[PDB]
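Student: File my_file32.pdb follows (PDB, N, CA and C atoms and all ligand atoms):
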ATOM      1  N   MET C   1     -10.993  43.448 -73.318
ATOM      2  CA  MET C   1     -12.383  43.136 -73.605
ATOM      3  C   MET C   1     -12.615  41.624 -73.606
ATOM      4  N   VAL C   2     -13.887  41.253 -73.623
ATOM      5  CA  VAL C   2     -14.258  39.848 -73.627
ATOM      6  C   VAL C   2     -15.319  39.607 -74.701
ATOM      7  N   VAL C   3     -15.312  38.393 -75.233
ATOM      8  CA  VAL C   3     -16.265  38.022 -76.266
ATOM      9  C   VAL C   3     -16.729  36.583 -76.035
ATOM     10  N   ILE C   4     -18.015  36.367 -76.261
ATOM     11  CA  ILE C   4     -18.595  35.046 -76.082
ATOM     12  C   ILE C   4     -19.475  34.712 -77.288
ATOM     13  N   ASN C   5     -19.162  33.588 -77.914
ATOM     14  CA  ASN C   5     -19.913  33.146 -79.077
ATOM     15  C   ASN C   5     -19.801  34.198 -80.181
ATOM     16  N   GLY C   6     -20.700  35.168 -80.124
ATOM     17  CA  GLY C   6     -20.713  36.237 -81.109
ATOM     18  C   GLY C   6     -21.059  37.578 -80.458
ATOM     19  N   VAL C   7     -20.768  37.666 -79.169
ATOM     20  CA  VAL C   7     -21.042  38.881 -78.422
ATOM     21  C   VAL C   7     -19.729  39.451 -77.883
ATOM     22  N   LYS C   8     -19.739  40.754 -77.642
ATOM     23  CA  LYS C   8     -18.560  41.430 -77.129
ATOM     24  C   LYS C   8     -18.910  42.124 -75.810
ATOM     25  N   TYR C   9     -17.873  42.414 -75.038
ATOM     26  CA  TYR C   9     -18.055  43.073 -73.756
ATOM     27  C   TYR C   9     -16.763  43.753 -73.300
ATOM     28  N   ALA C  10     -16.873  44.483 -72.199
ATOM     29  CA  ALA C  10     -15.726  45.187 -71.650
ATOM     30  C   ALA C  10     -16.184  46.074 -70.491
ATOM     31  N   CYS C  11     -15.209  46.543 -69.728
ATOM     32  CA  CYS C  11     -15.498  47.399 -68.589
ATOM     33  C   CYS C  11     -16.029  48.734 -69.114
ATOM     34  N   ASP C  12     -16.775  49.417 -68.258
ATOM     35  CA  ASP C  12     -17.346  50.702 -68.621
ATOM     36  C   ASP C  12     -16.223  51.730 -68.775
ATOM     37  N   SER C  13     -15.045  51.346 -68.307
ATOM     38  CA  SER C  13     -13.887  52.220 -68.385
ATOM     39  C   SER C  13     -13.009  51.820 -69.572
ATOM     40  N   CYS C  14     -13.641  51.180 -70.546
ATOM     41  CA  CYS C  14     -12.930  50.740 -71.736
ATOM     42  C   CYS C  14     -13.880  50.851 -72.930
ATOM     43  N   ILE C  15     -14.977  50.111 -72.844
ATOM     44  CA  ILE C  15     -15.969  50.118 -73.906
ATOM     45  C   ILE C  15     -16.469  51.547 -74.123
ATOM     46  N   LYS C  16     -16.362  52.344 -73.070
ATOM     47  CA  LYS C  16     -16.797  53.728 -73.131
ATOM     48  C   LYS C  16     -15.601  54.620 -73.472
ATOM     49  N   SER C  17     -14.415  54.077 -73.244
ATOM     50  CA  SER C  17     -13.190  54.809 -73.522
ATOM     51  C   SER C  17     -12.645  54.413 -74.895
ATOM     52  N   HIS C  18     -12.050  53.230 -74.941
ATOM     53  CA  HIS C  18     -11.484  52.724 -76.180
ATOM     54  C   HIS C  18     -10.440  51.649 -75.868
ATOM     55  N   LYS C  19      -9.881  51.745 -74.671
ATOM     56  CA  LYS C  19      -8.873  50.791 -74.238
ATOM     57  C   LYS C  19      -9.421  49.370 -74.391
ATOM     58  N   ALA C  20     -10.740  49.286 -74.478
ATOM     59  CA  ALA C  20     -11.399  47.999 -74.627
ATOM     60  C   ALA C  20     -10.640  47.158 -75.656
ATOM     61  N   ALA C  21      -9.976  47.854 -76.568
ATOM     62  CA  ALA C  21      -9.210  47.187 -77.606
ATOM     63  C   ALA C  21      -8.547  45.937 -77.022
ATOM     64  N   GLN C  22      -8.190  46.035 -75.750
ATOM     65  CA  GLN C  22      -7.549  44.927 -75.065
ATOM     66  C   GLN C  22      -7.773  45.035 -73.555
ATOM     67  N   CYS C  23      -8.981  45.443 -73.196
ATOM     68  CA  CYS C  23      -9.335  45.592 -71.794
ATOM     69  C   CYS C  23      -9.003  44.284 -71.073
ATOM     70  N   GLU C  24      -8.558  44.425 -69.835
ATOM     71  CA  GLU C  24      -8.203  43.269 -69.030
ATOM     72  C   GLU C  24      -8.341  43.594 -67.542
ATOM     73  N   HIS C  25      -9.164  44.594 -67.261
ATOM     74  CA  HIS C  25      -9.392  45.013 -65.889
ATOM     75  C   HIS C  25     -10.369  44.048 -65.214
ATOM     76  N   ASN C  26     -10.414  44.132 -63.892
ATOM     77  CA  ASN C  26     -11.296  43.274 -63.118
ATOM     78  C   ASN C  26     -12.445  44.112 -62.550
ATOM     79  N   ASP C  27     -12.113  44.902 -61.539
ATOM     80  CA  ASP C  27     -13.102  45.756 -60.902
ATOM     81  C   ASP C  27     -13.852  46.549 -61.972
ATOM     82  N   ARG C  28     -14.802  47.351 -61.514
ATOM     83  CA  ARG C  28     -15.597  48.164 -62.418
ATOM     84  C   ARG C  28     -16.698  47.322 -63.064
ATOM     85  N   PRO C  29     -17.816  48.009 -63.416
ATOM     86  CA  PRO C  29     -18.943  47.337 -64.041
ATOM     87  C   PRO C  29     -18.642  47.007 -65.504
ATOM     88  N   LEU C  30     -19.010  45.794 -65.892
ATOM     89  CA  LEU C  30     -18.786  45.345 -67.255
ATOM     90  C   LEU C  30     -20.012  45.682 -68.105
ATOM     91  N   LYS C  31     -19.818  45.626 -69.415
ATOM     92  CA  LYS C  31     -20.894  45.921 -70.345
ATOM     93  C   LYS C  31     -20.744  45.043 -71.589
ATOM     94  N   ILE C  32     -21.778  45.064 -72.416
ATOM     95  CA  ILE C  32     -21.773  44.277 -73.639
ATOM     96  C   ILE C  32     -21.702  45.218 -74.844
ATOM     97  N   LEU C  33     -21.495  44.620 -76.008
ATOM     98  CA  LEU C  33     -21.404  45.388 -77.238
ATOM     99  C   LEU C  33     -21.253  44.431 -78.422
ATOM    100  N   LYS C  34     -21.450  44.979 -79.613
ATOM    101  CA  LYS C  34     -21.338  44.189 -80.827
ATOM    102  C   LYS C  34     -20.686  45.034 -81.923
ATOM    103  N   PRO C  35     -20.404  44.366 -83.073
ATOM    104  CA  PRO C  35     -19.784  45.044 -84.199
ATOM    105  C   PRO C  35     -20.793  45.936 -84.925
ATOM    106  N   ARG C  36     -20.983  47.127 -84.378
ATOM    107  CA  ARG C  36     -21.912  48.079 -84.960
ATOM    108  C   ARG C  36     -23.319  47.479 -85.019
ATOM    109  N   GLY C  37     -24.303  48.364 -85.101
ATOM    110  CA  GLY C  37     -25.690  47.936 -85.165
ATOM    111  C   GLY C  37     -26.544  48.962 -85.913
ATOM    112  N   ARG C  38     -26.795  50.077 -85.244
ATOM    113  CA  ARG C  38     -27.594  51.138 -85.831
ATOM    114  C   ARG C  38     -29.082  50.884 -85.578
ATOM    115  N   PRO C  39     -29.851  52.004 -85.496
ATOM    116  CA  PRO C  39     -31.281  51.913 -85.260
ATOM    117  C   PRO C  39     -32.018  51.456 -86.520
ATOM    118  N   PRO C  40     -33.261  50.947 -86.306
ATOM    119  CA  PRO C  40     -34.077  50.474 -87.412
ATOM    120  C   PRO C  40     -34.654  51.646 -88.209
ATOM    121  N   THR C  41     -34.752  52.784 -87.537
ATOM    122  CA  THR C  41     -35.285  53.980 -88.166
ATOM    123  C   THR C  41     -34.282  55.131 -88.057
ATOM    124  N   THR C  42     -34.274  55.757 -86.888
ATOM    125  CA  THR C  42     -33.374  56.870 -86.642
ATOM    126  C   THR C  42     -33.076  56.993 -85.146
TER     127      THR C  42
HETATM  128 ZN    ZN C 101     -11.115  47.639 -69.032
END
Would you write the structure of this file as structure tokens?

Tutor:
Amino acid sequence: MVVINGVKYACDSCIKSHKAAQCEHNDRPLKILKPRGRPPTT
């Protein structure tokens, strides 16, 4: 996975899987993520 400033990211084959724990792939579409969030309502 990758992180910038205070943002997180990883391949769709990790962030969606779990390997993101230490993703280091190249190909494949990347994505972003953060330390939990949750909706404002539901
Ligand atoms: Zn990956």

Student: Output the neighbourhood of ligand ZN 101 (chain C) as an MDAnalysis selection string, that is, all protein and nucleic acid residues with some atom at most 5 Å from the ligand, counting all atoms listed in the file.

Tutor: chainID C and resid 11 13:14 23:25

Student: Using atom N of residue 26 (chain C) and atom N of residue 38 (chain C) as the two end points, give the distance in Å to one decimal.

Tutor: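 Atom-to-atom, atom N of residue 26 (chain C) and atom N of residue 38 (chain C) are spaced 27.6 Å apart.
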
Student: For this file, the PyMOL selection byres (((chain C and resi 6 and name CA) around 12) and not hetatm and name CA) selects which residues, as a list in words?

Tutor: residues 2, 3, 4, 5, 7, 8, 9, 32, 33, 34 and 35 of chain C

Student: Just give me the gap between CA of residue 16 (chain C) and CA of residue 39 (chain C) in Å, one decimal is fine.

Tutor: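 So the two atoms, CA of residue 16 (chain C) and CA of residue 39 (chain C), lie 19.0 Å apart.
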
Student: For the atom pair atom C of residue 19 (chain C) and CA of residue 41 (chain C), what is the interatomic distance in Å to one decimal place?

Tutor: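 That distance, rounded to one decimal, is 29.7 Å.
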
Student: Generate N, CA, C and O atoms for region 15-31 of chain C and emit them as a PDB file, in the frame of the given file.

Tutor:
ATOM      1  N   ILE C  15     -14.977  50.111 -72.844  1.00  0.00           N
ATOM      2  CA  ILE C  15     -15.969  50.118 -73.906  1.00  0.00           C
ATOM      3  C   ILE C  15     -16.469  51.547 -74.123  1.00  0.00           C
ATOM      4  O   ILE C  15     -16.927  51.890 -75.212  1.00  0.00           O
ATOM      5  N   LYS C  16     -16.362  52.344 -73.070  1.00  0.00           N
ATOM      6  CA  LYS C  16     -16.797  53.728 -73.131  1.00  0.00           C
ATOM      7  C   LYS C  16     -15.601  54.620 -73.472  1.00  0.00           C
ATOM      8  O   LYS C  16     -15.774  55.751 -73.924  1.00  0.00           O
ATOM      9  N   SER C  17     -14.415  54.077 -73.244  1.00  0.00           N
ATOM     10  CA  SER C  17     -13.190  54.809 -73.522  1.00  0.00           C
ATOM     11  C   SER C  17     -12.645  54.413 -74.895  1.00  0.00           C
ATOM     12  O   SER C  17     -12.771  55.168 -75.858  1.00  0.00           O
ATOM     13  N   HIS C  18     -12.050  53.230 -74.941  1.00  0.00           N
ATOM     14  CA  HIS C  18     -11.484  52.724 -76.180  1.00  0.00           C
ATOM     15  C   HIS C  18     -10.440  51.649 -75.868  1.00  0.00           C
ATOM     16  O   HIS C  18     -10.170  50.782 -76.697  1.00  0.00           O
ATOM     17  N   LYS C  19      -9.881  51.745 -74.671  1.00  0.00           N
ATOM     18  CA  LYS C  19      -8.873  50.791 -74.238  1.00  0.00           C
ATOM     19  C   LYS C  19      -9.421  49.370 -74.391  1.00  0.00           C
ATOM     20  O   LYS C  19      -8.656  48.408 -74.429  1.00  0.00           O
ATOM     21  N   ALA C  20     -10.740  49.286 -74.478  1.00  0.00           N
ATOM     22  CA  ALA C  20     -11.399  47.999 -74.627  1.00  0.00           C
ATOM     23  C   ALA C  20     -10.640  47.158 -75.656  1.00  0.00           C
ATOM     24  O   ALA C  20     -10.670  45.930 -75.602  1.00  0.00           O
ATOM     25  N   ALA C  21      -9.976  47.854 -76.568  1.00  0.00           N
ATOM     26  CA  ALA C  21      -9.210  47.187 -77.606  1.00  0.00           C
ATOM     27  C   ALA C  21      -8.547  45.937 -77.022  1.00  0.00           C
ATOM     28  O   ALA C  21      -8.378  44.937 -77.718  1.00  0.00           O
ATOM     29  N   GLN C  22      -8.190  46.035 -75.750  1.00  0.00           N
ATOM     30  CA  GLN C  22      -7.549  44.927 -75.065  1.00  0.00           C
ATOM     31  C   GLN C  22      -7.773  45.035 -73.555  1.00  0.00           C
ATOM     32  O   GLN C  22      -6.870  44.753 -72.768  1.00  0.00           O
ATOM     33  N   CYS C  23      -8.981  45.443 -73.196  1.00  0.00           N
ATOM     34  CA  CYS C  23      -9.335  45.592 -71.794  1.00  0.00           C
ATOM     35  C   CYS C  23      -9.003  44.284 -71.073  1.00  0.00           C
ATOM     36  O   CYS C  23      -9.156  43.203 -71.640  1.00  0.00           O
ATOM     37  N   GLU C  24      -8.558  44.425 -69.835  1.00  0.00           N
ATOM     38  CA  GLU C  24      -8.203  43.269 -69.030  1.00  0.00           C
ATOM     39  C   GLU C  24      -8.341  43.594 -67.542  1.00  0.00           C
ATOM     40  O   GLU C  24      -7.718  42.948 -66.700  1.00  0.00           O
ATOM     41  N   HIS C  25      -9.164  44.594 -67.261  1.00  0.00           N
ATOM     42  CA  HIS C  25      -9.392  45.013 -65.889  1.00  0.00           C
ATOM     43  C   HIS C  25     -10.369  44.048 -65.214  1.00  0.00           C
ATOM     44  O   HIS C  25     -11.041  43.268 -65.886  1.00  0.00           O
ATOM     45  N   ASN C  26     -10.414  44.132 -63.892  1.00  0.00           N
ATOM     46  CA  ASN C  26     -11.296  43.274 -63.118  1.00  0.00           C
ATOM     47  C   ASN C  26     -12.445  44.112 -62.550  1.00  0.00           C
ATOM     48  O   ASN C  26     -13.575  44.026 -63.026  1.00  0.00           O
ATOM     49  N   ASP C  27     -12.113  44.902 -61.539  1.00  0.00           N
ATOM     50  CA  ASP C  27     -13.102  45.756 -60.902  1.00  0.00           C
ATOM     51  C   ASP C  27     -13.852  46.549 -61.972  1.00  0.00           C
ATOM     52  O   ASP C  27     -13.563  46.422 -63.161  1.00  0.00           O
ATOM     53  N   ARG C  28     -14.802  47.351 -61.514  1.00  0.00           N
ATOM     54  CA  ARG C  28     -15.597  48.164 -62.418  1.00  0.00           C
ATOM     55  C   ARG C  28     -16.698  47.322 -63.064  1.00  0.00           C
ATOM     56  O   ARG C  28     -16.539  46.113 -63.233  1.00  0.00           O
ATOM     57  N   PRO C  29     -17.816  48.009 -63.416  1.00  0.00           N
ATOM     58  CA  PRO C  29     -18.943  47.337 -64.041  1.00  0.00           C
ATOM     59  C   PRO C  29     -18.642  47.007 -65.504  1.00  0.00           C
ATOM     60  O   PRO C  29     -18.099  47.836 -66.231  1.00  0.00           O
ATOM     61  N   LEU C  30     -19.010  45.794 -65.892  1.00  0.00           N
ATOM     62  CA  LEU C  30     -18.786  45.345 -67.255  1.00  0.00           C
ATOM     63  C   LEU C  30     -20.012  45.682 -68.105  1.00  0.00           C
ATOM     64  O   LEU C  30     -21.080  45.977 -67.572  1.00  0.00           O
ATOM     65  N   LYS C  31     -19.818  45.626 -69.415  1.00  0.00           N
ATOM     66  CA  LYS C  31     -20.894  45.921 -70.345  1.00  0.00           C
ATOM     67  C   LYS C  31     -20.744  45.043 -71.589  1.00  0.00           C
ATOM     68  O   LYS C  31     -19.721  44.385 -71.767  1.00  0.00           O
TER      69      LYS C  31
END
